[PDB]
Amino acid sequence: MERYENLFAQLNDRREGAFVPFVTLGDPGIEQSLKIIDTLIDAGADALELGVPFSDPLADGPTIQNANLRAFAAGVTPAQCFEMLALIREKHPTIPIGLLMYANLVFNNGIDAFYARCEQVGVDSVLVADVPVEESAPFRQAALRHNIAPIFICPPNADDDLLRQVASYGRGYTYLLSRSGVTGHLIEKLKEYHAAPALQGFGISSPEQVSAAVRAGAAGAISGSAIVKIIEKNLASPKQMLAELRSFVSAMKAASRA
């Protein structure tokens, strides 16, 4: 949580939005993934959203689906992901790190044990994709006990009741869905209820979309498939992959500045 607070405070003083890229840990391999992440940060990423390879990402589109597939093909496990996370935090002490998880991987060895592990490696937030606010109690409680920000999703059709819940239960940032489906007004209400700063996600793949998000009042934007697409398109060229990632991220981040 603290890292997000500091980040948003610093960005606000510069009148700029945050650009948060998403990538699957271990895709296409442990070593290359670590290089990809360092590149994203050196390119301008304000924060990171990192997925742990899961056998059934029912909230992700084809692009992300294959990202997990490549990660599994590399033998990447949750344990190895936490080792990567520890190292990433050791290299970058201030960048907020959020995980994109699926319930079973959190519940597996105990919900409390999972959040305790997140705190130990330096994770800042956790978004459990298949846990709606209605079932969030044990997850958000465990998160808060370990100084982890529980991230809630605010759908485009969210009603007043949901907005109030997301505003009171969420921390770090409020995930604002740009649409329905899977990966591939509300803002004013959230601020009125003192919700965590909003980051728009889903479908964000161009600089103009980042500028629009910030102009709409959002604190920033999240982009995943656009990032992952660059990875699967340059699998045969690791060096070219990083070069293209740096170019895309720098362009997206530039669009968030005032």
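For clarity, a rigid core is taken as the largest C-alpha set superposing within 1.5 Å between two forms. The first residue of the sequence shown is number 1, and the count goes up from there.
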RMS over structures and residues, CA atoms, rigid core fit in 8 other deposited structures of this protein: 216 to 224 vs 55 to 63, larger is 55 to 63
Say the other structures are aligned on the rigid core; which stretch then has the higher CA RMS in 8 other deposited structures of this protein, 100 to 108 or 70 to 78?
-> 100 to 108
Would residue 122 be found without coordinates in at least a third of the other compared entries?
-> no
Does residue 179 have no coordinates in at least a third of the other PDB entries examined?
-> yes
Residue 185 preceded by how many uncoordinated deposited residues after residue 184 | 10 or more
Higher mean Cα B-factor in the deposited model: 246 to 254 or 18 to 26?
-> 246 to 254
Residue stretch of maximal mean CA temperature factor, 208 to 216 vs 185 to 193 | 185 to 193
Tell me which of 38, 46, 60, 49 tops the list for C-alpha B factor in the record.
-> 60
Quick one: which of 120, 174, 157, 141 has the biggest Cα B-factor according to the entry?
-> 157
Based on the entry's values, in what third of the chain does the Cα temperature factor of residue 135 lie: lowest, middle or highest?
-> lowest
Within-chain third of residue 81 by Cα B-factor, per the entry = lowest
What third of its chain, lowest, middle or highest, does the C-alpha temperature factor of residue 231 fall into?
-> highest
Thinking about Cα B factors across the chain, which third does residue 88 belong to?
-> lowest
Can you tell me which third, lowest, middle or highest, the CA B-factor of residue 34 falls into for its chain?
-> middle
